[PDB]
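K.L.:
Data file model.cif (mmCIF, C-alpha atoms) is appended below.
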data_start
#
loop_
_atom_site.group_PDB
_atom_site.id
_atom_site.type_symbol
_atom_site.label_atom_id
_atom_site.label_comp_id
_atom_site.auth_asym_id
_atom_site.auth_seq_id
_atom_site.Cartn_x
_atom_site.Cartn_y
_atom_site.Cartn_z
ATOM 1 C CA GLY D 1 165.545 136.264 103.322
ATOM 2 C CA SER D 2 165.629 138.461 106.403
ATOM 3 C CA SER D 3 168.295 137.391 108.867
ATOM 4 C CA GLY D 4 168.976 137.976 112.544
ATOM 5 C CA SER D 5 166.835 137.312 115.593
ATOM 6 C CA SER D 6 165.136 133.956 115.174
ATOM 7 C CA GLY D 7 161.544 133.201 116.094
ATOM 8 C CA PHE D 8 159.691 130.732 113.902
ATOM 9 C CA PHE D 9 156.487 129.072 115.043
ATOM 10 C CA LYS D 10 153.180 128.091 113.482
ATOM 11 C CA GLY D 11 150.727 130.968 113.646
ATOM 12 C CA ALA D 12 148.993 132.711 110.768
ATOM 13 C CA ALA D 13 147.423 135.984 111.840
ATOM 14 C CA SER D 14 147.458 135.836 115.621
ATOM 15 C CA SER D 15 147.549 138.173 118.597
ATOM 16 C CA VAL D 16 144.679 140.639 118.706
ATOM 17 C CA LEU D 17 141.974 140.639 116.059
ATOM 18 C CA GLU D 18 142.283 142.398 112.722
ATOM 19 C CA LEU D 19 139.681 145.053 112.010
ATOM 20 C CA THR D 20 138.249 145.624 108.553
ATOM 21 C CA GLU D 21 137.320 148.425 106.183
ATOM 22 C CA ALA D 22 133.971 148.200 107.932
ATOM 23 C CA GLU D 23 134.893 147.042 111.415
ATOM 24 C CA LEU D 24 137.449 149.832 111.469
ATOM 25 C CA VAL D 25 134.640 152.327 111.019
ATOM 26 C CA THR D 26 132.639 150.653 113.762
ATOM 27 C CA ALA D 27 135.686 150.652 116.007
ATOM 28 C CA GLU D 28 135.786 154.386 115.390
ATOM 29 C CA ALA D 29 132.109 154.738 116.214
ATOM 30 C CA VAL D 30 132.684 153.114 119.583
ATOM 31 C CA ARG D 31 135.624 155.425 120.168
ATOM 32 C CA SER D 32 133.313 158.404 119.831
ATOM 33 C CA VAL D 33 131.267 156.897 122.637
ATOM 34 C CA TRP D 34 134.206 156.818 125.022
ATOM 35 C CA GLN D 35 135.294 160.289 123.973
ATOM 36 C CA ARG D 36 131.778 161.679 124.153
ATOM 37 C CA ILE D 37 131.411 160.052 127.550
ATOM 38 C CA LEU D 38 134.825 160.730 129.035
ATOM 39 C CA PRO D 39 135.032 164.535 129.107
ATOM 40 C CA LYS D 40 138.471 165.237 130.521
ATOM 41 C CA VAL D 41 139.628 162.544 128.127
ATOM 42 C CA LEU D 42 140.855 164.458 125.101
ATOM 43 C CA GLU D 43 141.821 161.300 123.252
ATOM 44 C CA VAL D 44 140.908 157.634 123.480
ATOM 45 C CA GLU D 45 143.720 155.204 122.763
ATOM 46 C CA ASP D 46 143.933 151.427 122.888
ATOM 47 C CA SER D 47 145.689 151.981 126.196
ATOM 48 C CA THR D 48 142.990 154.244 127.583
ATOM 49 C CA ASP D 49 141.171 152.560 130.444
ATOM 50 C CA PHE D 50 137.438 153.182 130.507
ATOM 51 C CA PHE D 51 137.847 153.306 134.268
ATOM 52 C CA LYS D 52 141.114 155.087 134.960
ATOM 53 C CA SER D 53 139.902 157.710 132.515
ATOM 54 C CA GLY D 54 136.971 158.927 134.576
ATOM 55 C CA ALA D 55 134.007 156.637 134.039
ATOM 56 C CA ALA D 56 131.540 155.797 136.786
ATOM 57 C CA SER D 57 129.323 152.788 137.381
ATOM 58 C CA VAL D 58 126.791 154.386 135.066
ATOM 59 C CA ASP D 59 129.104 154.931 132.120
ATOM 60 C CA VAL D 60 129.523 151.168 132.126
ATOM 61 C CA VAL D 61 125.873 150.784 131.201
ATOM 62 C CA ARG D 62 126.054 153.874 129.023
ATOM 63 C CA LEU D 63 128.972 152.574 126.994
ATOM 64 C CA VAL D 64 127.308 149.181 126.773
ATOM 65 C CA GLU D 65 124.004 150.848 125.980
ATOM 66 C CA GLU D 66 125.625 153.124 123.427
ATOM 67 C CA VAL D 67 127.499 150.343 121.670
ATOM 68 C CA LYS D 68 124.179 148.533 121.843
ATOM 69 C CA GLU D 69 122.679 151.046 119.443
ATOM 70 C CA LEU D 70 125.738 150.579 117.263
ATOM 71 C CA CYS D 71 125.014 146.912 116.667
ATOM 72 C CA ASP D 72 121.373 147.574 117.458
ATOM 73 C CA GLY D 73 121.067 145.372 120.521
ATOM 74 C CA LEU D 74 124.692 144.370 120.942
ATOM 75 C CA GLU D 75 124.940 141.345 123.204
ATOM 76 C CA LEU D 76 127.072 143.273 125.666
ATOM 77 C CA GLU D 77 127.018 143.220 129.450
ATOM 78 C CA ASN D 78 128.420 145.269 132.306
ATOM 79 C CA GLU D 79 130.772 142.327 132.686
ATOM 80 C CA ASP D 80 132.280 142.987 129.278
ATOM 81 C CA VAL D 81 133.268 146.408 130.559
ATOM 82 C CA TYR D 82 134.558 144.935 133.796
ATOM 83 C CA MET D 83 136.533 142.578 131.588
ATOM 84 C CA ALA D 84 137.789 144.995 128.962
ATOM 85 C CA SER D 85 138.331 148.326 130.677
ATOM 86 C CA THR D 86 140.763 149.468 128.012
ATOM 87 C CA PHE D 87 139.485 150.420 124.579
ATOM 88 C CA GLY D 88 142.015 148.298 122.727
ATOM 89 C CA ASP D 89 140.934 145.207 124.626
ATOM 90 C CA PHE D 90 137.280 146.197 124.594
ATOM 91 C CA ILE D 91 137.339 146.658 120.837
ATOM 92 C CA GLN D 92 138.616 143.122 120.394
ATOM 93 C CA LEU D 93 135.743 141.942 122.558
ATOM 94 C CA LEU D 94 133.288 144.214 120.787
ATOM 95 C CA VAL D 95 134.488 143.292 117.318
ATOM 96 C CA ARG D 96 134.057 139.715 118.479
ATOM 97 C CA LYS D 97 130.444 140.369 119.399
ATOM 98 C CA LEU D 98 130.031 142.299 116.169
ATOM 99 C CA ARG D 99 131.532 139.641 113.930
ATOM 100 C CA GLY D 100 129.247 137.066 115.502
ATOM 101 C CA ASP D 101 126.039 139.073 115.600
ATOM 102 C CA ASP D 102 122.623 137.459 115.826
ATOM 103 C CA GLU D 103 121.321 136.351 119.203
ATOM 104 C CA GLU D 104 119.510 133.250 120.398
ATOM 105 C CA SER D 105 116.021 134.267 121.458
ATOM 106 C CA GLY D 106 115.181 132.719 124.807
ATOM 107 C CA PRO D 107 112.007 132.516 126.905
ATOM 108 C CA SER D 108 111.728 136.262 127.370
ATOM 109 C CA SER D 109 108.903 136.576 129.869
ATOM 110 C CA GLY D 110 108.002 140.101 128.825
#
Would you mind writing the structure in this file as structure tokens?
P.N.:
Amino acid sequence: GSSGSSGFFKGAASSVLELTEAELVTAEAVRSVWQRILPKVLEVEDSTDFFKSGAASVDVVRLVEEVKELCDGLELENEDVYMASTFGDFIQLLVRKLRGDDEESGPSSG
């Protein structure tokens, strides 16, 4: 088989998550959020930082709030944003929250 440049090591489907016919769509829905939000931003890549772009401390909640409507109550938090500023990374995190889905109802005072 292929020859040249060695590099064999256990690992079936690793590094970054793999979207899906569906997830892909969702990933695109989230993209619209960034775009819609970030004005100057003409395009949103996996290298586009939600911060560097031109997002404020409100967009953080907005993006989280927006994506929330995507999953309809996505278990996201400002932290997530502070963790995954870039779309590419964020997606992975999002997709992760998406894949999981379903939350564990707590005490909820109100």
K.L.:
Between D:55, D:28, D:10, D:110, which has the minimum distance to residue D:41 (counting all atoms listed in the file)?
P.N.:
D:55
K.L.:
For atom CA of residue D:19 and atom CA of residue D:95, determine how far apart the two atoms are, in Å to one decimal place.
P.N.:
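Between atom CA of residue D:19 and atom CA of residue D:95 the gap works out to 7.6 Å.
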K.L.:
Which one of D:72, D:43, D:79, D:65 sits closest to residue D:101 if you count all atoms listed in the file?
P.N.:
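Closest to residue D:101 of all the choices is D:72.
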K.L.:
Select, from D:83, D:48, D:31, D:99, the residue with the minimum atom-to-atom distance to residue D:66, counting all atoms listed in the file.
P.N.:
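Nearest to residue D:66: D:31.
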K.L.:
Taking all atoms listed in the file into account, which of D:25, D:74, D:84, D:38 comes nearest residue D:58?
P.N.:
D:38
K.L.:
Atoms are missing here; could stretch 8-21 of chain D be completed with N, CA, C and O atoms and written as a PDB file, keeping the file's coordinate frame?
P.N.:
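Generated output (rebuild.pdb):
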ATOM      1  N   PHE D   8     160.629 131.383 114.801  1.00  0.00           N
ATOM      2  CA  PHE D   8     159.691 130.732 113.902  1.00  0.00           C
ATOM      3  C   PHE D   8     158.768 129.782 114.667  1.00  0.00           C
ATOM      4  O   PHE D   8     159.231 128.974 115.471  1.00  0.00           O
ATOM      5  N   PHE D   9     157.478 129.910 114.390  1.00  0.00           N
ATOM      6  CA  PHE D   9     156.487 129.072 115.043  1.00  0.00           C
ATOM      7  C   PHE D   9     155.116 129.230 114.381  1.00  0.00           C
ATOM      8  O   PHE D   9     154.666 130.348 114.136  1.00  0.00           O
ATOM      9  N   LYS D  10     154.491 128.093 114.111  1.00  0.00           N
ATOM     10  CA  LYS D  10     153.180 128.091 113.482  1.00  0.00           C
ATOM     11  C   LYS D  10     152.329 129.210 114.085  1.00  0.00           C
ATOM     12  O   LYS D  10     152.361 129.437 115.293  1.00  0.00           O
ATOM     13  N   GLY D  11     151.586 129.878 113.215  1.00  0.00           N
ATOM     14  CA  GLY D  11     150.727 130.968 113.646  1.00  0.00           C
ATOM     15  C   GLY D  11     150.497 131.967 112.509  1.00  0.00           C
ATOM     16  O   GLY D  11     151.346 132.817 112.244  1.00  0.00           O
ATOM     17  N   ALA D  12     149.345 131.831 111.869  1.00  0.00           N
ATOM     18  CA  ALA D  12     148.993 132.711 110.768  1.00  0.00           C
ATOM     19  C   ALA D  12     147.918 133.696 111.231  1.00  0.00           C
ATOM     20  O   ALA D  12     146.763 133.317 111.419  1.00  0.00           O
ATOM     21  N   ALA D  13     148.336 134.941 111.402  1.00  0.00           N
ATOM     22  CA  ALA D  13     147.423 135.984 111.840  1.00  0.00           C
ATOM     23  C   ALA D  13     146.950 135.677 113.262  1.00  0.00           C
ATOM     24  O   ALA D  13     145.874 135.113 113.454  1.00  0.00           O
ATOM     25  N   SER D  14     147.778 136.062 114.223  1.00  0.00           N
ATOM     26  CA  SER D  14     147.458 135.836 115.621  1.00  0.00           C
ATOM     27  C   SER D  14     147.681 137.118 116.425  1.00  0.00           C
ATOM     28  O   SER D  14     148.106 138.134 115.874  1.00  0.00           O
ATOM     29  N   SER D  15     147.385 137.032 117.713  1.00  0.00           N
ATOM     30  CA  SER D  15     147.549 138.173 118.597  1.00  0.00           C
ATOM     31  C   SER D  15     146.625 139.312 118.158  1.00  0.00           C
ATOM     32  O   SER D  15     146.825 139.905 117.099  1.00  0.00           O
ATOM     33  N   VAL D  16     145.634 139.583 118.994  1.00  0.00           N
ATOM     34  CA  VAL D  16     144.679 140.639 118.706  1.00  0.00           C
ATOM     35  C   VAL D  16     143.976 140.338 117.380  1.00  0.00           C
ATOM     36  O   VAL D  16     144.539 139.671 116.514  1.00  0.00           O
ATOM     37  N   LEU D  17     142.759 140.846 117.265  1.00  0.00           N
ATOM     38  CA  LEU D  17     141.974 140.639 116.059  1.00  0.00           C
ATOM     39  C   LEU D  17     142.297 141.743 115.050  1.00  0.00           C
ATOM     40  O   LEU D  17     142.772 142.813 115.426  1.00  0.00           O
ATOM     41  N   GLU D  18     142.026 141.445 113.788  1.00  0.00           N
ATOM     42  CA  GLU D  18     142.283 142.398 112.722  1.00  0.00           C
ATOM     43  C   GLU D  18     140.971 143.020 112.239  1.00  0.00           C
ATOM     44  O   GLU D  18     140.099 142.319 111.726  1.00  0.00           O
ATOM     45  N   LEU D  19     140.871 144.329 112.421  1.00  0.00           N
ATOM     46  CA  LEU D  19     139.681 145.053 112.010  1.00  0.00           C
ATOM     47  C   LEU D  19     139.498 144.912 110.497  1.00  0.00           C
ATOM     48  O   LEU D  19     140.218 144.152 109.850  1.00  0.00           O
ATOM     49  N   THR D  20     138.534 145.656 109.978  1.00  0.00           N
ATOM     50  CA  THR D  20     138.249 145.624 108.553  1.00  0.00           C
ATOM     51  C   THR D  20     137.728 146.983 108.082  1.00  0.00           C
ATOM     52  O   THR D  20     137.302 147.803 108.893  1.00  0.00           O
ATOM     53  N   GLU D  21     137.781 147.179 106.773  1.00  0.00           N
ATOM     54  CA  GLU D  21     137.320 148.425 106.183  1.00  0.00           C
ATOM     55  C   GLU D  21     136.028 148.886 106.861  1.00  0.00           C
ATOM     56  O   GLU D  21     135.785 150.085 106.993  1.00  0.00           O
TER      57      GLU D  21
END
